[PDB]
Amino acid sequence: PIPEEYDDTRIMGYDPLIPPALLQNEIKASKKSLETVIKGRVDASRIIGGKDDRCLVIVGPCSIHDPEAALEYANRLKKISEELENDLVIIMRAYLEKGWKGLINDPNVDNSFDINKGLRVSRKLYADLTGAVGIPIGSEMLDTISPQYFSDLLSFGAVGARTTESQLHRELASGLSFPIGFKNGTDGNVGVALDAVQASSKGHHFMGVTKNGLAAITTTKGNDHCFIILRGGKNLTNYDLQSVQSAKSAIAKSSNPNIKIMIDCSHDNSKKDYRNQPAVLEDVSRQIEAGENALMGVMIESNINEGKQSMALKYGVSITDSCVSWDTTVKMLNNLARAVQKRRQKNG
Amino acid sequence: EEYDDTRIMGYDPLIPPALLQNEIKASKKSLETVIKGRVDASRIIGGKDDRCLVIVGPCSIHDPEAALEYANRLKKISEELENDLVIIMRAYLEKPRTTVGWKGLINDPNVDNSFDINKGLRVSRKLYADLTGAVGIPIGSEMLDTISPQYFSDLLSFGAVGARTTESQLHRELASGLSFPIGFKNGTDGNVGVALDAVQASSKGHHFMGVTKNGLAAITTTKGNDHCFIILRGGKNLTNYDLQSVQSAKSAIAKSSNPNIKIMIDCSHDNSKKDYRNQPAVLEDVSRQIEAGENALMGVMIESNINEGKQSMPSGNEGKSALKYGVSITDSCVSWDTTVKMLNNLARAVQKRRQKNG
Ligand SMILES: N[C@@H](Cc1ccc(O)cc1)C(=O)O
Ligand SMILES: N[C@@H](Cc1ccc(O)cc1)C(=O)O
Ligand SMILES: [Cl-]
């Protein structure tokens, strides 16, 4: 006789989720939303596959905390996306979590926990970005259960530096309906990202849930639309030319010698300082301007206002990591858009 | 549906975990073996017992009949060396990563390139109940996802997080809510810092997406796991079982938030250059630092079987009839006779360290 002190000894409690098929029906994806989602996946895939000379730009706040502040940011970002449509493909970074447990964990930013209210707030936000304004969005892929609530509204997915080697995330990447980007290792390792791209191109079996919320094993087809992201190491930056050449050499000896490179301009490449973000973009832009076709895009941590605060809170200011201003951002995107114009001039 | 599940071929609903636990009930003696294995370990992680925690067994269990004979052998020697060693059997149901060959007991229980997850879950769970109950040996597994542990956690005494998942926040959250000690292996480049960071993160409460006991999607609230440690395992082209590497980690633990983190050495995998013949030489070195006085060494990890070497099973004869008995079909293990030499030398090691602490 053992009094169930062998099971869930470290589980404070379970909070059952709303079934994804029901959340997808309560907050439905409008036709204009799915039009934006499919267009974002196709436009990004053409740049990844080498069929388009434009640059894929993943720009947005490090984390989304205020839905109304993010919806006003997207209206600014969709305007500039239409003006630079000939050279840039802009996908807004709509990350839900990284002080702040996230939008799915805490919708009211008051340190509570309402996982169901978080899913409705995050999905209705996703439905408004792709529908009300009409801009493609991308999120971070954290587990094998959350994507079942947002996959019909996502056009891009990122696997962080600390999960690129995770076999579970490589399996899930093989079953996601949008292009995936693998960041290099936390020490600057490029090889682990090439291994992730190759592994995710194969069919796999991962443990997820059905649309009704039932534990089930999933059979995947493989994701042939993947790329690597250079975000630097804990002690190094790899956005410079010698580092791109080092990555280009590693790709040439891999199983996918057509892999293109995206450069994170924030995080460790900018020493976590937003003022170095424009100077980092100038370097990669000049590499592109010289005619480097292996360079595919960039990542920009931008916001309505530059800087970072804590959690009575400033409007349009990030709460996590560090962002650049909007007046800064439009210059970064304009300077990059000219570099893309100069690249295809050398390709003519 | 040109936008949803465009790369999903099909779902296979799982039997609810409570139903499997009702079909393959955990015996009273099974549970008694599980709880004792957990506390026996934890006392070594916390520095309350100078014994050595041994995680020994095959790389993957493809033959339940062969595993049951190995466990009875392991149970006999574990009782002989109970004064010095705490032995937990390796009962890994899945070889991860590399796609060539077998896919694990869960996905392929018949060992013939099949897919039968519900039949594999019944076979795997029954094997766990027989090891903990019929023979009565603690067992440990690899923590791969946040759904499968709900099927075996009531029968597990130890969990392992691979080198490719130590940095993953998802597996750090899961470790914070598991009912047994967890061991984090260093990075695939030999980096020990990510292992200390994982042990620290898993000591706090977290939230992770899992399933209820009936297989329904739910978010969990964890209490925090303070029975975690690091596993020195090696790098892509290096070994870290030597005296230089152990003390580098020991000084790194000294600057962590908990200087009581003990070190376990993986005697196989990259520390043996994926060679079963180098496992005794690696353990012999580990045994010496233990016997010279080093209390930071808490245990070892050995890949062992009834017979040494390896084999393959992919084509031709259509299954188990062409396999050798007690030979692993993944990686490479030492024979049982070698394992007896290895455990007996490590036992005398724990003895002479105990004399140096009086
Ligand atoms: N619906 C997801 C695929 C998926 C399936 C099951 C999961 O558990 C997670 C994701 C997509 O279209 O991308
Ligand atoms: N039941 C597990 C904890 C757990 C909970 C939910 C899961 O989805 C997975 C694992 C244990 O006691 O160790
Ligand atoms: Cl958390």
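Cβ placement follows ideal geometry from the backbone for every residue including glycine, while neighbour counts extend to all protein chains displayed. Here, each number is a calculation from the coordinates, and none is a lab measurement.
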(request) Kindly express, to the nearest 10 degrees and within the range 0 to 90, the angle between helix B:243-254's C-alpha long axis and the longest C-alpha principal axis of chain B. (result) 80
(message) How much of the DSSP bridge set in the protein assembly as shown is antiparallel, in percent, rounded to the nearest 5?
(response) 30
(request) Please arrange A:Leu34, A:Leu84, B:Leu74 by counting, for each residue, the other beta carbons lying within 10 Å of its beta carbon, fewest first. (result) A:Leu34, A:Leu84, B:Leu74
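Tally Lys/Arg at +1 and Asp/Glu at -1 over every other residue whose Cβ is under 11 Å from the Cβ of B:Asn260; what's the total?
Charge balance in the 11 Å sphere: +1.
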(request) Note the direction-averaged projected area, equal to a quarter of the hull surface, for the Cα convex hull of the stretch B:144-260, in nm². (result) 7.2
(request) Give me the distance in nm between label points sitting 7 Å out from Cα along the Cα-to-Cβ direction at A:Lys346 and B:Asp112, one decimal. (result) 6.0
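List the GluC sites (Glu not before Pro) within the stretch B:280-358 that fall in a DSSP loop (any state other than H, G, I, E or B) and whose Cβ has at most 15 other Cβ atoms within 10 Å.
Working: sites: B:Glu284, B:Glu291, B:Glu294, B:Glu303, B:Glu308, B:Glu318; in loops: B:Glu294, B:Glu308, B:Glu318.
Sites meeting the loop and neighbour criteria: B:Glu318.
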(message) Under the 0.36 nm per residue contour assumption, what length would be gained going from the current alpha-carbon distance of B:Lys119 and B:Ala292 to full extension?
(response) 57.4 nm
(request) Given a cut-off of 29 Å, name the pairs among B:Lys48/B:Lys75; B:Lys75/B:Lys324; A:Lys39/A:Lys234; A:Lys272/A:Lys314; B:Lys36/B:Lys223 whose C-alpha atoms lie farther apart than that in the structure shown. (result) A:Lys39/A:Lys234
(message) So if the hydrodynamic radius of the protein assembly as shown is defined as the Kirkwood radius over C-alpha pairs, what does Stokes-Einstein give as its diffusion coefficient at 10 °C and 1.306 mPa s, in µm² per second?
(response) 60
(message) Past 18 Å, Cα to Cα: identify those pairs from B:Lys185/B:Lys274; A:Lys51/A:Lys260; A:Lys183/B:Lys255; A:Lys101/A:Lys308, in the order given.
(response) A:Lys183/B:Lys255
(message) Suppose every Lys and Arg Cβ carries +1 and every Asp and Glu Cβ carries -1, with no other charges. What dipole size does the stretch B:30-356 come out with about its Cα centre, to the nearest 20 debye?
(response) 500
(request) Determine the calculated [θ] at 222 nm for chain B from helices alone, applying -39500 (n - 2.57) to every DSSP H run no shorter than 4 residues and normalising by the residue count; nearest 500 deg cm²/dmol. (result) -10500 deg cm²/dmol
(message) Inside 10 Å of the C-beta atoms of B:164-173, what's the mean count of C-beta atoms belonging to other chains?
(response) 6
(request) For a footprinting-style exposure proxy, rank B:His62, B:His269 by other Cβ within 10 Å, fewest first. (result) B:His269, B:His62
(message) Taking the 0 to 90 degree range and rounding to the nearest ten, how far is the long axis of helix B:117-129 tilted relative to the main principal axis of chain B, both from C-alpha atoms?
(response) 40
(request) State the Cα centre-to-centre distance between the stretch B:204-225 and the stretch A:43-107 in whole Å. (result) 30
(request) Compute the signed sum of charges (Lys and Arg +1, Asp and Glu -1) over the other residues within less than 9 Å, Cβ to Cβ, of A:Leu168. (result) -2
(message) For chain B, report the % of Cα-Cα distances exceeding 35 Å.
(response) 19
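Can you give the local net charge around B:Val135? Use residues other than it whose beta-carbon is closer than 12 angstrom to its beta-carbon, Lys and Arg +1, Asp and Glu -1.
That works out to +1.
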(request) Extending each Cα 7 Å along its Cβ direction at A:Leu313 and A:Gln245, get the distance between those two points in nm, one decimal. (result) 4.5
(message) Can you find, among B:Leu243, B:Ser315, B:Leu297, the residue sitting farthest towards the positive end of the charge dipole of the protein assembly as shown, where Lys and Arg contribute +1 and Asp and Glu -1 at Cβ?
(response) B:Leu243
(message) In the stretch A:127-163, whose amide N lies under 13 Å from the spot 7 Å out along Cα-to-Cβ of A:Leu71? List them in ranges.
(response) A:127-134
(message) If neighbour count is taken as other Cβ atoms inside 10 Å, put A:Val121, A:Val197, A:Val298 in order from fewest to most.
(response) A:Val121, A:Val197, A:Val298
(request) Take every DSSP beta bridge with both residues inside chain B and express the antiparallel ones as a percent of the total, to the nearest 5. (result) 20
(message) What number does the stretch A:254-348 give for Rg over Rh if you use C-alpha atoms and the Kirkwood radius?
(response) 1.07
(request) Find, among the trypsin sites (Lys or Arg not before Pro) in the stretch B:88-145, those assigned to loop by DSSP (not H, G, I, E, B) with at most 15 other beta-carbon atoms within 10 angstrom. (result) B:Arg97
